[PDB]
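Reviewing the structure listed below.
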Amino acid sequence: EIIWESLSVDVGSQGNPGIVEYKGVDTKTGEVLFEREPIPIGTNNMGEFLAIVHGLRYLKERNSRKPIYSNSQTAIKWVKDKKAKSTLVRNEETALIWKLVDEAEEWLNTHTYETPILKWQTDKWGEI
Amino acid sequence: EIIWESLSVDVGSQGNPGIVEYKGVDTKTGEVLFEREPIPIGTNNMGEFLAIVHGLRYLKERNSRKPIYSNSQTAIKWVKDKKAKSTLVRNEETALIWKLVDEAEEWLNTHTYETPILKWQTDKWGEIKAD
Amino acid sequence: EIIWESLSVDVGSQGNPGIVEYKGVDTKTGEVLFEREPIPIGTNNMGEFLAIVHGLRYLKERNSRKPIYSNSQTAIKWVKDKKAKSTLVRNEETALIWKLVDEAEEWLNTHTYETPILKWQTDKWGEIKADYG
DNA sequence: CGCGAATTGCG
DNA sequence: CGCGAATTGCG
Ligand SMILES: [K+]
Ligand SMILES: [K+]
Ligand code: NA
């Protein structure tokens, strides 16, 4: 049922909003493929969005067709629409997450990609 | 993928909450197969709940294996969960609809059925209609 | 940052959900001021909730403005909310714990109390004094 | 295992 | 309007 030849995105937040970080891993080995240092203020929908697009770029650079597993349906929609819809206030305290979200959107509106973007069935399989 | 040999339920609501009614119709042809008269006050989700269960009862009486189309994904969920989840106040005004819902639930918890409960896809197919 | 003349509660459980108990001790002396016999089936959070409410009634019974320390942020919020937002099924095996909990909410709804309810900071101050073994 | 507070589509 | 669901350290 799980597609093991794939890349999984694992985003954590210390509160929503709160410190947000993420890693992209090989789904089968759990090897860390890329990561993002903690961002002091973010939401988990923003972290998933960024994590997905980071993975899209990682896979594009390496000419991989492996799919991406996310477990935020909202961030998958945001990626598909090439537009994030966060309600998070934008100021100096949130400048970094918003700047990264801007950059991710920009990348999405200037590129094409092959990667399938799948929802992790947390109900059937557990956490990643 | 319309299955024409099926039943479709359609509920009307004079405001929500408000007066609720519903009918069961032949999907292929529009013929009204069963009806419930207006209920003085209920919700749209309670009526879709009752309409599905009513058709379940109707098809079960007739030994039909035909599916039922509903336009309400909430009501489909409720039936499959064998539990409505309305937040309508129980008072004197709402006693009727609430009686009917409890009786729908009780039927669901003491019965099994063959009938596939399918989602009507309005924007793919248009409205549910009775002729 | 530590009110030493205060009361501290904690829960002990074999499993979660499982057997649960609690006690209240004096924060300065570790003197055990009250105890709850092990309850066949509950959750830790239900136990913490009951332990705080027991402590509240204990101090109220004695006209004491000593604070209460718990290290369960959940149970604290539950008490301040006069509502135990537990997810334990209500059945016959869990009837006892649900009845003491329903009654603890009822007690909160119908009384006034002035005890400050404080979070114990385990990361900073070490173990809460009502810690079980 | 249990639990908080906040994020985000019809009919 | 009524109801839609899933996500994210410590005791
Ligand atoms: K594309
Ligand atoms: K609906
Ligand atoms: Na995670």
Side-chain angles (χ1 to χ4, degrees), chain A residues 9-22 41-49 51 70-78 81 84-89 119-123 127-128, chain B residues 9-18 20 42-49 51 70-78 81 84-89 119-123 127-128, chain C residues 9-18 20 22 41-49 51 70-78 80-81 83-89 119-123 127-128 130-132:
Chain A
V9 130
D10 178 48
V11 317
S13 58
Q14 301 274 117
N16 192 42
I19 287 174
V20 46
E21 80 180 288
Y22 67 77
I41 284 169
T43 67
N44 59 49
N45 276 332
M46 289 161 109
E48 290 276 0
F49 180 78
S70 181
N71 76 340
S72 165
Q73 189 74 224
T74 286
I76 300 182
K77 290 158 185 195
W78 291 1
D81 305 328
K85 273 156 153 82
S86 174
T87 63
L88 177 65
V89 50
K119 169 64 158 83
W120 181 260
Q121 296 304 281
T122 316
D123 40 293
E127 161 69 344
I128 331 171
Chain B
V9 296
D10 183 48
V11 336
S13 165
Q14 284 286 239
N16 178 50
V20 200
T43 72
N44 220 311
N45 280 340
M46 276 156 131
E48 295 275 3
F49 185 66
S70 169
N71 197 209
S72 172
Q73 195 80 248
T74 290
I76 294 174
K77 296 151 173 281
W78 285 6
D81 203 36
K85 303 175 188 62
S86 176
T87 61
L88 186 74
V89 48
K119 173 59 157 87
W120 192 250
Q121 298 213 97
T122 278
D123 68 343
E127 222 83 73
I128 287 163
Chain C
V9 294
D10 198 0
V11 62
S13 70
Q14 174 139 299
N16 187 37
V20 306
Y22 61 77
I41 301 180
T43 72
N44 304 356
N45 285 328
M46 286 167 107
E48 294 268 7
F49 181 75
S70 155
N71 58 20
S72 170
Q73 228 180 68
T74 301
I76 286 170
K77 162 63 161 178
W78 284 6
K80 288 218 207 296
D81 248 273
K83 203 32 65 62
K85 275 92 89 183
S86 171
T87 81
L88 187 56
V89 58
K119 169 72 164 97
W120 191 260
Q121 315 268 31
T122 313
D123 60 314
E127 298 300 344
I128 208 177
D131 199 7
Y132 285 78

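All heavy atoms count here, side chains included; hydrogens, waters and symmetry mates do not. In what follows, chains are A, B, ... by sequence order, proteins preceding strands, each numbered from 1.
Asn71(C) places no side-chain N or O within 3.5 Å of a backbone atom of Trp120(C) that could act as its donor or acceptor partner. With hydrogens and angles ignored, the 3.5 Å screen pairs no side-chain donor or acceptor of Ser13(C) with any backbone N or O of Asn16(C).
Here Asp123(C) lies out of heavy-atom contact (under 4.0 Å) with every strand. Within 4.0 Å (heavy atoms only), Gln121(C) reaches no atom of the nucleic acid at all. Using a 4.0 Å heavy-atom distance criterion, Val11(B) is classed as making no nucleic acid contact.
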Watson-Crick and G-U pairing of DNA chain D, under 3.5 Å, as dot-bracket with | and [ ]
|||.|||||||

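Across the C1' atoms, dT8(E) and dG2(D) are found 16 Å apart, a figure rounded to whole Å.
In this structure, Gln73(C) places its CD atom where only 12 or fewer heavy-atom neighbours from other residues, nucleotides or ligands lie under 6.0 Å away. No more than 12 heavy atoms of other residues, nucleotides or ligands lie within 6.0 Å of CD in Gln14(B), so this atom counts as exposed by the packing criterion.
When the rule of centres under 5.5 Å and planes under 30° is applied to the neighbouring bases of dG4(E) and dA5(E), their six-membered rings do not qualify as stacked.
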Given protein heavy atoms under 4.0 Å, the one-letter contact record of nucleotides 4-11 of chain D, with B base, S sugar-phosphate only and - none, is simply SSBSSS-B

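The pair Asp81(B)-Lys77(B) fails the salt-bridge criterion, with no side-chain N (NZ, NE, NH1 or NH2) lying under 4.0 Å from an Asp/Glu carboxylate O.
With sequence neighbours left out, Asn45(B) forms a side-chain hydrogen bond (donor to acceptor under 3.5 Å, both in side chains) with no residue at all.
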